[PDB]
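Notes to accompany the following structure.
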Amino acid sequence: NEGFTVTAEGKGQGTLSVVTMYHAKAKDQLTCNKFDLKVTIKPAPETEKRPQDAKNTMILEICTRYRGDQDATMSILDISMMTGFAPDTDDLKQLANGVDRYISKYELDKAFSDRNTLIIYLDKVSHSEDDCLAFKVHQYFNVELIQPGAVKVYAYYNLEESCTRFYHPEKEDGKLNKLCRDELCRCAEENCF
Amino acid sequence: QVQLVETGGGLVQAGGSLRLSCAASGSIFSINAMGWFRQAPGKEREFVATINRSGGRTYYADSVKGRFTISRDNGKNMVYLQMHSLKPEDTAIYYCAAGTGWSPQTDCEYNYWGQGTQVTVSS
Amino acid sequence: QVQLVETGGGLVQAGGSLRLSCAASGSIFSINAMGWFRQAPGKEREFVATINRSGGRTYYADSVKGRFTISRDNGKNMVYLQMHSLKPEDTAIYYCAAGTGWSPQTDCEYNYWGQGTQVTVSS
Amino acid sequence: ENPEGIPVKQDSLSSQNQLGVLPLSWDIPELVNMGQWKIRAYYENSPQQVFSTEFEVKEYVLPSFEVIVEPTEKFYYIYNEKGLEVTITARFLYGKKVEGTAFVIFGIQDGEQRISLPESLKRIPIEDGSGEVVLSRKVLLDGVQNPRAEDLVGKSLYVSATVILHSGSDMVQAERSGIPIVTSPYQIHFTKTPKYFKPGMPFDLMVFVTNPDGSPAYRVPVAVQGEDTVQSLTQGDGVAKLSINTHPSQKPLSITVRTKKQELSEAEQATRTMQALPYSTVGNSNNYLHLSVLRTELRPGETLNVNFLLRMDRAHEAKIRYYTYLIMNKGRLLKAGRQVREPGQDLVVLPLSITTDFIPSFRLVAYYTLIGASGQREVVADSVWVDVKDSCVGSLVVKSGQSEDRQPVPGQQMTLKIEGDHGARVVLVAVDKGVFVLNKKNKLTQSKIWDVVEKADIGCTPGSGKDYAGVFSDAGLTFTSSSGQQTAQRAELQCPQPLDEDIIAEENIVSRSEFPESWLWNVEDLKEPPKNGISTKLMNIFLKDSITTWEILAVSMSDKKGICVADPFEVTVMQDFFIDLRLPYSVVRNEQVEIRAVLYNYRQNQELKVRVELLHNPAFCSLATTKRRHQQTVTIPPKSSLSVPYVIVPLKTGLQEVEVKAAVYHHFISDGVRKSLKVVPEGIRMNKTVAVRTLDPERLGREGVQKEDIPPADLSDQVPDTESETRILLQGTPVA
Amino acid sequence: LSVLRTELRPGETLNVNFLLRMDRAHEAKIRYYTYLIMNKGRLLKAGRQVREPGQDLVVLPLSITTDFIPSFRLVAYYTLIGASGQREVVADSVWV
Ligand SMILES: *[C@@H]1O[C@H](CO)[C@@H](O[C@@H]2O[C@H](CO)[C@@H](O[C@@H]3O[C@H](CO)[C@@H](O)[C@H](O)[C@@H]3O)[C@H](O)[C@H]2NC(C)=O)[C@H](O)[C@H]1NC(C)=O
Ligand SMILES: *[C@@H]1O[C@H](CO)[C@@H](O[C@@H]2O[C@H](CO)[C@@H](O[C@@H]3O[C@H](CO)[C@@H](O)[C@H](O)[C@@H]3O)[C@H](O)[C@H]2NC(C)=O)[C@H](O)[C@H]1NC(C)=O
Ligand SMILES: *[C@@H]1O[C@H](CO)[C@@H](O)[C@H](O)[C@H]1NC(C)=O
C-alpha cells in the first residue's frame with residue numbers, strides 16, 4: 001500500500017477504479033448474532049436424590065433464545081460434555097418425552113458411560129422467552145484438570161450463525177485462563193510459580 | 001442368522017452360586033459351538049466356556065475350570081451357565097455367543113453375539 | 001502377500017540358548033504383527049510370541065514369559081526369536097506368521113505362515 | 001475472472017508440440033471474492049468464440065459422507081393421492097452406512113424463483129443408511145396460495161435434505177431439484193423426425209419419448225392416433241420408429257402420436273401433433289427419391305443398407321445411372337461417393353460400412369439429376385439423419401492393475417492399469433469425492449464433448465427438406481450447377497429457431513499427513529506396443545492418507561484417434577479403525593474453540609479400548625497438565641464411532657498444526673492424523689474504494705498527457721499486522 | 001418383401017417393405033397385398049395390407065408377439081388381370 005503514479009496519454013476515455021481489500025475491524029460482533037445462549041452449571045445442594053451415588057452430580061441448565069421477529073425452526077443443541085461427566089439418563093428420557101424436545105433413540109439406548117456427546121433437537125426456539133432446559137450430570141470417573149464442555153446451538157439450515165458457549169464448574173464462562181493485552185495473548189493455564 | 005438374548009445377571013456375594021440363561025431366536029441345532037465370554041472392567045473379552053452341538057465336549061478357561069459348568073438344551077433352543085464358589089475377581093459382563101466350531105476357545109469365529117449381563121460379586 | 005521361511009532349528013541341550021530367523025520375501029513394513037507359533041507333538045499350534053510394526057510392543061504367552069525374546073528388524077525383513085534357559089517341554093515345530101495386528105495372541109488373524117523348524121531340547 | 005466479471009488473470013499459451021494438452025496453474029489469493037469464478041479460453045484467430053468453464057470459490061471443509069435424495073418416481077403426478085415419497089440415502093465416502101437425523105423440507109420451484117413449504121419440514125431418523133419421508137398432497141395444496149390442482153402443473157418440486165450425524169460432528173446439505181409436476185408420466189417429442197415427407201412413400205416417425213425431467217424413456221409403446229395397428233416400442237435410445245403410409249396427394253400430414261402404456265388411464269397418455277409438409281418437386285414433375293434406412297442404433301464397425309428408391313416416369317428412364325451420396329459428420333464432408341444404378345432397378349442398396357469416424361451422427365445426402373424431364377435440368381435429392389451410438393473414437397479404460405481382492409490402505413502402493421490407443425497422451429486426476437459432494441457440476445465427460453460437437457453442426461433439420469435446395473440447406477450444404485440450379489442463400493451463423501502404560505510412545509506412529517483434495521496431476525504416454533490396437537500401461541501410484549473414495553479421471557489425447565474421456569475409476573481406501581479430525585476451515589484468533597476427533601471402529605464383534613492423545617502445540621492454549629501432552633482412554637462399541645472433544649485457544653496467526661494420535665489397547669494397530677488449520681485475526685474482510693477517476697488526455701492534464709496520482713489507502717479500521725491487496729482497474733469507455 | 005432387421009425379439013415391431021414391380025397400364029387394378037404368417041407349420045395370422053394407387057412401396061408394421069418363436073415365413077401375394085386377360089398371381093415369401 002503506497003502512492004502510485006499513473007500517466008494516461010493518447011486519445012480516448014477510460015475509467016480508473018482503485019479499491020483496496022483489507023481486514024477491517026468488526027465492532028459489536030460476538031458472532032452469536034442469531035441466538036442468545038446462557039449455559040450454567042450449578043452444584044446440586046440436595047446431595048441425596050441420585051440412586052447411583054456419583055461423586056459430584058451437578059445440574060446443567062441451558063437457556064436459548066432466538067434473535068429476530070419470530071420463533072426459529074428445528075434447531076440443534078450439540079452438548080459436548082466435560083471430561084469424566086455423563087448426563088443422567090432419567091432426565092434424558094424425561095426431556096425426550098417433551099412436546100418440543102426430541103432426543104434420538106440411538107442416544108437413549110446407549111450406556112450411561114461412553115456417552116460424552118449429546119444432540120438435542122428443539123422444534124422451535126422462542127424469540128421473546130428464554131427456552132430453558134436443565135438436566136443432571138454425574139461425575140462417572142474423577143479426573144484431574146476437568147476440560148470445559150461446550151454447548152452449541154444452531155438452526156438446521158446453517159452451520160454458521162451459531163452460538164457456542166462453554167461451561168466449567170470453576171471457570172467463568174468455561175474459558176481457559178489467558179493473559180491478553182492489545183490482541184496478544186499467552187496461555188495462563190500453567191501453574192503459578 | 002440368530003438373535004441371542006441372555007438373562008440371569010445380578011449382584012451376588014463371594015462364594016455364592018449364579019445361574020445364567022441365554023435364549024436364541026432361531027435354530028440352535030445347526031450351531032456347532034456356543035460359548036460364554038466375559039469382559040472385566042478394564043480388561044478385554046477373554047474366553048470362559050464353550051459347549052458342543054451335542055453337549056458332549058466342554059472347554060473351560062484355566063481360571064474357571066473347577067467351578068463353572070456350561071450346558072446346552074436344544075429343545076427350547078437355549079443354554080445355561082452354572083457357577084459355584086465365585087471369586088471376587090469375577091465381576092464382569094457376560095456375553096453368550098454362537099460360532100461355527102472352528103477354534104472354540106477363541107472369540108474370532110463366534111459369529112453371533114449377545115448383549116451381555118452384568119455380574120457383580122461383593123467381597 | 002509374502003513368502004516366509006524360517007531358519008535356525010535343531011538339537012539343543014537343556015538350559016541352553018537358541019536364535020532363529022524368520023525371513024520374509026517381500027516388504028515387512030506394512031505388516032502390523034508378526035508372531036512365533038510353536039506346535040508340540042500331539043498338541044495344538046498355540047501362541048508363543050508376537051511383535052508390533054515398530055517393535056515397541058511385545059506379547060508373550062504365559063509359559064514363556066521370562067525366557068523368550070522376540071525382535072524385529074525392518075532393514076532386511078527379519079524377525080528373530082531368542083530363547084534362554086530351555087525346559088524340555090519346548091520341543092516343538094516353530095513357525096513364523098504374518099498378520100494384520102488384530103488380536104495378535106490368536107492364530108486366526110495371522111494370514112501368512114511359514115513351514116517351521118524342528119527344535120528339540122534334550123534332557 | 002471473478003463473479004464480478006473482471007479478468008484477474010490473462011495468459012498467452014501455445015499448444016505447439018504439446019499433443020493438444022496445455023497444463024496450467026493459478027494461485028488463488030487470500031483476499032478474494034466468493035462465488036462462481038470462470039475460466040474463458042479462446043483461440044487467437046477466432047477471438048469471439050469463447051469456451052468457458054466454471055469453478056466455485058468458497059470457504060469449506062470436506063464432508064465425511066454423501067447424501068442422495070431420491071424420490072420414488074422422477075416426477076409428481078398431480079392426482080397421486082399418496083403424495084411425493086422420497087428416500088434419503090446417507091452413505092459414508094468409504095462405503096459405510098450412516099446413522100443420523102435428516103431435516104427434509106420441500107418447495108415449489110416456479111420458474112426462476114422458488115417458495116418453500118414451511119409446514120412440510122420433517123425431521124426423520126436415518127437408520128442403516130436410509131430414511132423415508134412423504135410430502136403429503138394436502139400440504140402441497142394448502143402451501144400454495146393459488147387454488148386448484150391444475151395450476152401446479154408446469155411448476156417443479158424441490159426437496160432439501162440436511163443430514164446430521166449422530167455424533168453431530170458433520171452435516172451434509174443435499175438438494176434434489178427439478179422434480180416436475182405433470183399430468184402424464186411421459187413426453188412425446190418430434191425432434192429426431194423429419195418435418196417433410198414424400199407423398200406416396202412411407203414416413204418414418206422417429207418419435208422421442210422422454211421422462212419429464214429429460215431422461216429418455218424405455219419400453220414405452222406409442223401409436224399414431226387413428227392407425228391402431230402401428231404400435232411400436234421405445235428402444236434403449238428413447239426413440240421409437242413408426243413407419244406410416246402417406247397418400248399420394250400434395251396435402252400437409254397431421255400426425256398425432258399418443259402413448260399406449262397399459263398401466264395408466266387415457267388422461268395420462270402423452271400426445272403430440274406434427275404438421276409435416278410434402279416435398280416440393282420442380283415443375284410438379286412427380287420425381288421423388290426415397291432414402292430408406294432401417295435403423296435402430298449403430299455401433300461403429302457394423303454396416304447399414306441405404307435403400308435408394310426412384311419415383312419417376314419410364315419415358316425418361318435409363319437416363320439415371322447413379323445416385324450421388326455424401327456423408328456429413330461433424331459439420332464437414334466425410335465421404336462422398338457414387339452408387340451405380342443399372343436401368344430397370346427401381347430400388348438399389350448401398351452398404352455403408354459405419355467406421356469409427358461416423359460418431360456421433362451423420363447425414364446421408366443423396367441426389368440425382370435428369371435433363372429430359374420437361375426440357376430443363378432437374379435435381380432431386382433426399383437426406384437422412386442417422387444416429388451412431390456415441391462413444392469414444394478410440395478407447396480409454398482405467399482399472400486396477402493388481403488383483404484388488406484386498407481393500408487398499410492409506411499409503412499403500414497401488415497399481416493402475418491404463419488401456420488406450422498407441423501413442424496417446426493420457427492425463428490424469430484423482431479427486432476426493434467430498435468435492436463432488438459439495439459441487440457436482442462442470443465436470444468433463446465424453447457426452448459433454450459430443451453435445452458440444454452436436455450443438456456446433458451446420459445441419460439444421462434432420463431428414464428431408466422443402467425442395468432440393470431445402471434438402472441441401474437443411475443438411476448443411478451448398479449445391480451449385482452450371483445450368484442455374486443452386487442452393488438458396490445461407491447468411492446466418494446459427495440454425496434458425498422454428499497412569500503409565502505409554503501405548504502411544506511404544507507404537508511409533510508416523511502420522512497420516514498428506515490429505516489433498518486432488519492429486520495425481522500426471523502426464524503419461526502410452527508407448528507400449530499395442531495388442532489388437534490397445535496399449536496397456538501399468539503405473540505404481542502411492543495412495544494418499546485420506547480415508548475416502550478417490551475418483552480417478554483420465555483423458556487420452558491421440559494423434560489419429562482424438563480426445564477420449566474415460567469412465568471414472570473409484571478407489572475406496574478404508575481401515576478398520578481410524579481417526580477423522582473434524583477441524584473447521586478458519587478459526588478467529590484468541591477465541592475458544594472446540595475441535596472433534598471422531599474415532600471410527602468397524603469391527604463386527606469387538607469393542608475397542610482406544611487411548612487417544614492431542615499433542616501439545618505451543619500455538620494453542622489448552623489445559624496444562626504435568627505431562628504436557630493431553631491423552632485419555634475411550635471405549636468405542638463395534639460398528640460405531642465416538643467423538644472426542646478438545647478445547648483450544650489459538651494464539652498465533654497462520655497455518656497451525658493439530659496432531660491426534662490413537663492406539664488400541666491389546667491390539668497391534670494405531671492411527672494418527674496431523675492436519676493444519678488457518679488461524680485468522682478477529683477482523684472481517686471488508687472492501688473500501690480508494691478512487692474512481694475518468695481518464696481523458698485530450699480534456700484533462702496538459703501537453704497531451706494526464707497525470708493521475710493514486711493516493712495510499714486511507715483505512716483506519718484495518719487490523720494491525722495484516723495483509724491488504726490494492727486492486728487497480730483500467731477500463732476503456734466505449735464511444736458511439 | 002424387404003425385411004431388414006438383424007435380431008428379432010417378442011414385443012418389437014418389424015417393418016416389412018412391400019415393393020412392387022409392375023407396368024402402369026395395369027395400375028389401380030391392385031389395391032391390397034394378402035400376407036400370411038406361417039409359424040410352427042400352421043397359419044398364425046392372415047391379413048390384408050391396403051395399398052393405394054400411386055404407392056410404389058408400402059410398409060406393413062408387424063407386431064412380433066411371443067408366439068412368433070422360433071421363426072415365421074411371411075408370404076405375400078397379389079393378383080391382377082394381365083394384357084392377355086388371364087388371372088396372374090404374383091407371390092413372394094421371406095423367412096424371419
Ligand atoms: C477425395 O478423393 C481422394 C481420391 O479419391 C480420396 O482419397 C483416397 O480414397 C480412397 C478410397 O476412396 C482411400 O483408399 C482406401 O485406403 C484404405 C487404407 O489405405 C484401404 O484399406 C482401402 O481398401 C482403400 O483402398 C485412400 O486412403 C484415400 N487417400 C487419402 C490420402 O485419403 C479421399 O477420401 C476423398 N475425400 C473425400 C472426403 O471424399
Ligand atoms: C381368423 O379370423 C378370426 C376373426 O376373423 C381371427 O380371430 C381374431 O384374432 C384377434 C387376434 O389376432 C383377436 O384379437 C384379440 O382379442 C382379445 C380379446 O378376445 C384381446 O385381448 C387381444 O388384445 C386381441 O385384440 C380377436 O378377438 C379374434 N376374433 C375372433 C372373433 O376370434 C383369427 O385371428 C383369424 N385367424 C387367422 C389365422 O387369420
Ligand atoms: C464491497 O462492499 C459492499 C458493501 O460494503 C458489498 O455490497 C460489495 O459486495 C463488496 N464488494 C466486493 C467485491 O466484495
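Numbering starts fresh at 1 for the residues of each chain in the C-alpha cells, the chains themselves are lettered A, B, ... in the order given, and ligands are numbered from 1 as they appear.
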Please provide as a ChimeraX atom specification all residues within 8 Å of residue 56 of chain E, with the sequence filter that same-chain residues fewer than 6 positions apart are discarded (counting only C-alpha atoms). /D:200-201,311 /E:19-20
Print the selection's residues with C-alpha atoms to a file, as a PDB file, in the first residue's frame.
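File produced: again-v7.pdb:
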```pdb
ATOM      1  CA  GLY D 200     -46.828 -41.803 -51.698  1.00  0.00           C
ATOM      2  CA  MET D 201     -43.936 -43.100 -49.576  1.00  0.00           C
ATOM      3  CA  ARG D 311     -40.147 -42.482 -58.290  1.00  0.00           C
TER       4      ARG D 311
ATOM      5  CA  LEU E  19     -42.165 -53.405 -53.083  1.00  0.00           C
ATOM      6  CA  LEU E  20     -43.994 -53.859 -56.377  1.00  0.00           C
TER       7      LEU E  20
END
```
So which residues touch residue 119 of chain D within 9 Å, counting only C-alpha atoms, skipping near sequence neighbours fewer than 5 positions away, as an MDAnalysis selection string? chainID D and resid 105 139 143
Per-residue nearest contacts of chain D to ligand 2 (12 Å; only C-alpha atoms and all ligand atoms) as JSON lines:
```
{"residue": "D:228", "atom": "CA", "partner": "ligand 2", "partner_atom_place_in_ligand_line": "25 (O)", "distance": 10.7}
{"residue": "D:229", "atom": "CA", "partner": "ligand 2", "partner_atom_place_in_ligand_line": "25 (O)", "distance": 10.4}
{"residue": "D:262", "atom": "CA", "partner": "ligand 2", "partner_atom_place_in_ligand_line": "23 (O)", "distance": 11.4}
```
Keeping N, CA and C atoms for every residue in the selection just given, could you write it to a file as a PDB file, in the first residue's frame?
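And here's again_3.pdb as it stands now:
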```pdb
ATOM      1  N   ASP D 228     -54.382 -47.772 -35.356  1.00  0.00           N
ATOM      2  CA  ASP D 228     -54.141 -48.551 -34.148  1.00  0.00           C
ATOM      3  C   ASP D 228     -53.213 -49.736 -34.374  1.00  0.00           C
ATOM      4  N   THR D 229     -53.013 -50.150 -35.627  1.00  0.00           N
ATOM      5  CA  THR D 229     -52.129 -51.273 -35.905  1.00  0.00           C
ATOM      6  C   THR D 229     -50.663 -50.887 -35.760  1.00  0.00           C
ATOM      7  N   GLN D 262     -50.092 -49.489 -20.683  1.00  0.00           N
ATOM      8  CA  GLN D 262     -51.239 -50.253 -20.208  1.00  0.00           C
ATOM      9  C   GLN D 262     -51.640 -49.904 -18.783  1.00  0.00           C
TER      10      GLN D 262
END
```
Quick check: residues of chain B within 12 Å of chain C, only C-alpha atoms, returned as a list in words. residues 44, 45, 46, 47, 62, 102, 103, 104, 105, 106, 107, 108, 109 and 110 of chain B
Pull N, CA, C and O atoms from the residues just selected and write them as a PDB file, in the first residue's frame.
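Result file selection-v2.pdb:
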```pdb
ATOM      1  N   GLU B  44     -10.037 -56.928  28.425  1.00  0.00           N
ATOM      2  CA  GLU B  44     -10.653 -57.288  27.157  1.00  0.00           C
ATOM      3  C   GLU B  44     -11.520 -58.530  27.338  1.00  0.00           C
ATOM      4  O   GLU B  44     -11.616 -59.104  28.425  1.00  0.00           O
ATOM      5  N   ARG B  45     -12.152 -58.960  26.254  1.00  0.00           N
ATOM      6  CA  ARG B  45     -13.120 -60.050  26.270  1.00  0.00           C
ATOM      7  C   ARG B  45     -12.370 -61.357  26.050  1.00  0.00           C
ATOM      8  O   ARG B  45     -11.988 -61.681  24.925  1.00  0.00           O
ATOM      9  N   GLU B  46     -12.156 -62.109  27.122  1.00  0.00           N
ATOM     10  CA  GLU B  46     -11.446 -63.375  27.035  1.00  0.00           C
ATOM     11  C   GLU B  46     -12.392 -64.551  27.253  1.00  0.00           C
ATOM     12  O   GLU B  46     -13.568 -64.393  27.584  1.00  0.00           O
ATOM     13  N   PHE B  47     -11.849 -65.746  27.030  1.00  0.00           N
ATOM     14  CA  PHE B  47     -12.623 -66.978  27.000  1.00  0.00           C
ATOM     15  C   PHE B  47     -13.067 -67.392  28.395  1.00  0.00           C
ATOM     16  O   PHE B  47     -12.339 -67.206  29.370  1.00  0.00           O
ATOM     17  N   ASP B  62      -8.570 -71.563  31.942  1.00  0.00           N
ATOM     18  CA  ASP B  62      -7.813 -72.055  33.095  1.00  0.00           C
ATOM     19  C   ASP B  62      -7.835 -71.078  34.270  1.00  0.00           C
ATOM     20  O   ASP B  62      -6.814 -70.783  34.886  1.00  0.00           O
ATOM     21  N   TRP B 102     -15.039 -74.023  14.702  1.00  0.00           N
ATOM     22  CA  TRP B 102     -13.618 -73.905  14.424  1.00  0.00           C
ATOM     23  C   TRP B 102     -12.985 -72.993  15.460  1.00  0.00           C
ATOM     24  O   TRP B 102     -13.389 -71.833  15.579  1.00  0.00           O
ATOM     25  N   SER B 103     -11.987 -73.520  16.190  1.00  0.00           N
ATOM     26  CA  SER B 103     -11.260 -72.913  17.304  1.00  0.00           C
ATOM     27  C   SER B 103     -12.221 -72.388  18.362  1.00  0.00           C
ATOM     28  O   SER B 103     -12.446 -71.176  18.436  1.00  0.00           O
ATOM     29  N   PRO B 104     -12.839 -73.261  19.165  1.00  0.00           N
ATOM     30  CA  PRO B 104     -13.909 -72.808  20.060  1.00  0.00           C
ATOM     31  C   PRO B 104     -13.425 -72.053  21.285  1.00  0.00           C
ATOM     32  O   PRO B 104     -14.258 -71.493  22.004  1.00  0.00           O
ATOM     33  N   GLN B 105     -12.124 -72.015  21.548  1.00  0.00           N
ATOM     34  CA  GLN B 105     -11.601 -71.295  22.693  1.00  0.00           C
ATOM     35  C   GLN B 105     -11.235 -69.850  22.383  1.00  0.00           C
ATOM     36  O   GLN B 105     -10.863 -69.116  23.300  1.00  0.00           O
ATOM     37  N   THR B 106     -11.309 -69.426  21.126  1.00  0.00           N
ATOM     38  CA  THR B 106     -11.053 -68.043  20.750  1.00  0.00           C
ATOM     39  C   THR B 106     -12.322 -67.437  20.171  1.00  0.00           C
ATOM     40  O   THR B 106     -13.147 -68.138  19.584  1.00  0.00           O
ATOM     41  N   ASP B 107     -12.462 -66.126  20.321  1.00  0.00           N
ATOM     42  CA  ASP B 107     -13.704 -65.436  20.005  1.00  0.00           C
ATOM     43  C   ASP B 107     -13.829 -65.029  18.546  1.00  0.00           C
ATOM     44  O   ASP B 107     -14.859 -64.466  18.167  1.00  0.00           O
ATOM     45  N   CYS B 108     -12.824 -65.287  17.719  1.00  0.00           N
ATOM     46  CA  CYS B 108     -12.835 -64.706  16.386  1.00  0.00           C
ATOM     47  C   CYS B 108     -13.615 -65.524  15.370  1.00  0.00           C
ATOM     48  O   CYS B 108     -13.766 -65.076  14.230  1.00  0.00           O
ATOM     49  N   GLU B 109     -14.108 -66.699  15.739  1.00  0.00           N
ATOM     50  CA  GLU B 109     -15.012 -67.433  14.873  1.00  0.00           C
ATOM     51  C   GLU B 109     -16.439 -67.458  15.387  1.00  0.00           C
ATOM     52  O   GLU B 109     -17.316 -67.980  14.694  1.00  0.00           O
ATOM     53  N   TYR B 110     -16.696 -66.911  16.568  1.00  0.00           N
ATOM     54  CA  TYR B 110     -18.054 -66.817  17.089  1.00  0.00           C
ATOM     55  C   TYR B 110     -18.742 -65.672  16.373  1.00  0.00           C
ATOM     56  O   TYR B 110     -18.498 -64.501  16.662  1.00  0.00           O
TER      57      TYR B 110
END
```
Quick one: which residues from chain D are at most 9 Å off chain B, using only C-alpha atoms, as a count of residues only? 8
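The smallest atom-to-atom distance between residue 18 of chain E and any of E:68, E:94, E:58, E:77, using only C-alpha atoms, is found for E:58.
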Which residues, written as a list in words, have at least one atom at most 8 Å from segment 88-91 of chain C, with only C-alpha atoms counted and residues fewer than 5 positions away on the same chain left out? residues 14, 40, 41, 118, 119, 120, 121, 122 and 123 of chain C
Selected residues, N, CA, C and O atoms, written as a PDB file, in the first residue's frame, please.
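Output file out-v9.pdb follows:
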```pdb
ATOM      1  N   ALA C  14      19.672 -78.942  27.497  1.00  0.00           N
ATOM      2  CA  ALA C  14      18.773 -78.337  28.474  1.00  0.00           C
ATOM      3  C   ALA C  14      19.432 -77.163  29.188  1.00  0.00           C
ATOM      4  O   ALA C  14      20.592 -77.234  29.600  1.00  0.00           O
ATOM      5  N   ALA C  40       3.695 -78.470  19.583  1.00  0.00           N
ATOM      6  CA  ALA C  40       4.209 -79.647  20.253  1.00  0.00           C
ATOM      7  C   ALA C  40       3.750 -80.904  19.513  1.00  0.00           C
ATOM      8  O   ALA C  40       2.769 -80.862  18.765  1.00  0.00           O
ATOM      9  N   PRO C  41       4.465 -82.024  19.664  1.00  0.00           N
ATOM     10  CA  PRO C  41       3.960 -83.295  19.118  1.00  0.00           C
ATOM     11  C   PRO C  41       2.728 -83.769  19.876  1.00  0.00           C
ATOM     12  O   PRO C  41       2.760 -83.948  21.095  1.00  0.00           O
ATOM     13  N   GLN C 118      12.172 -77.646  13.314  1.00  0.00           N
ATOM     14  CA  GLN C 118      12.016 -78.576  14.420  1.00  0.00           C
ATOM     15  C   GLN C 118      13.068 -78.228  15.467  1.00  0.00           C
ATOM     16  O   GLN C 118      14.266 -78.208  15.162  1.00  0.00           O
ATOM     17  N   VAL C 119      12.633 -77.938  16.690  1.00  0.00           N
ATOM     18  CA  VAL C 119      13.540 -77.565  17.767  1.00  0.00           C
ATOM     19  C   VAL C 119      13.386 -78.629  18.846  1.00  0.00           C
ATOM     20  O   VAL C 119      12.286 -78.819  19.393  1.00  0.00           O
ATOM     21  N   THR C 120      14.456 -79.388  19.078  1.00  0.00           N
ATOM     22  CA  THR C 120      14.463 -80.467  20.057  1.00  0.00           C
ATOM     23  C   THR C 120      15.490 -80.136  21.126  1.00  0.00           C
ATOM     24  O   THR C 120      16.695 -80.123  20.851  1.00  0.00           O
ATOM     25  N   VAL C 121      15.015 -79.874  22.332  1.00  0.00           N
ATOM     26  CA  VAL C 121      15.865 -79.719  23.502  1.00  0.00           C
ATOM     27  C   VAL C 121      15.841 -81.023  24.300  1.00  0.00           C
ATOM     28  O   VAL C 121      14.780 -81.624  24.519  1.00  0.00           O
ATOM     29  N   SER C 122      17.026 -81.512  24.651  1.00  0.00           N
ATOM     30  CA  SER C 122      17.186 -82.822  25.264  1.00  0.00           C
ATOM     31  C   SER C 122      17.522 -82.685  26.742  1.00  0.00           C
ATOM     32  O   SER C 122      18.277 -81.795  27.137  1.00  0.00           O
ATOM     33  N   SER C 123      16.957 -83.572  27.554  1.00  0.00           N
ATOM     34  CA  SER C 123      17.200 -83.547  28.992  1.00  0.00           C
ATOM     35  C   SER C 123      17.512 -84.938  29.532  1.00  0.00           C
ATOM     36  O   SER C 123      16.615 -85.759  29.721  1.00  0.00           O
TER      37      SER C 123
END
```
Which residues of chain D are close to chain A, meaning at most 6 Å apart when you count only C-alpha atoms, and how do they look as a ChimeraX atom specification? /D:621,623-624,683-697,705-712,717-719,724-733
List every residue of segment 6-167 of chain A that DSSP, applied to the backbone of this structure, assigns to strand (DSSP E), and report them as a PyMOL selection string. chain A and resi 6-9+14-24+35-43+58-66+75-80+85-87+101-102+117-122+131-139+149-155+163-167
Test item: residues at most 10 Å from segment 67-70 of chain B, only C-alpha atoms, excluding those fewer than 6 positions along its chain, as a ChimeraX atom specification: /B:17-20,34-36,48-52,55,58-61,79-87
Quick one: write out the picked residues with C-alpha atoms as a short mmCIF file (atom, residue, chain, number, x, y, z; two decimals), in the first residue's frame?
```cif
data_model
loop_
_atom_site.label_atom_id
_atom_site.label_comp_id
_atom_site.auth_asym_id
_atom_site.auth_seq_id
_atom_site.Cartn_x
_atom_site.Cartn_y
_atom_site.Cartn_z
CA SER B 17 -23.86 -69.63 43.08
CA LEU B 18 -25.15 -67.91 39.97
CA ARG B 19 -27.34 -69.13 37.13
CA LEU B 20 -27.25 -67.53 33.67
CA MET B 34 -21.75 -71.97 21.69
CA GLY B 35 -19.67 -70.14 24.24
CA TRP B 36 -19.74 -67.72 27.12
CA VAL B 48 -14.73 -68.56 29.73
CA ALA B 49 -16.58 -71.61 28.41
CA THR B 50 -17.90 -73.39 25.34
CA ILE B 51 -20.21 -76.33 24.60
CA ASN B 52 -20.52 -78.72 21.62
CA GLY B 55 -23.32 -81.22 24.62
CA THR B 58 -16.74 -78.92 27.01
CA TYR B 59 -13.92 -76.41 27.11
CA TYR B 60 -13.13 -74.08 30.01
CA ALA B 61 -10.51 -71.41 30.51
CA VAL B 79 -28.03 -72.60 27.10
CA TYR B 80 -27.01 -72.31 30.77
CA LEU B 81 -24.03 -71.28 32.81
CA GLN B 82 -23.89 -72.57 36.37
CA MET B 83 -21.23 -71.16 38.69
CA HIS B 84 -20.41 -72.14 42.26
CA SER B 85 -17.70 -70.65 44.54
CA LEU B 86 -17.49 -67.25 42.87
CA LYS B 87 -14.20 -65.43 43.39
#
```
Set the distance at 6 Å and use only C-alpha atoms: which residues neighbour residue 71 of chain A once local chain neighbours fewer than 6 positions away are removed? I'd like the list as a list in words. residues 125, 126 and 127 of chain A
Within 8 Å of residue 117 of chain B, counting only C-alpha atoms, which residues qualify if same-chain residues fewer than 4 places away don't, as a ChimeraX atom specification? /B:6-10,93-95
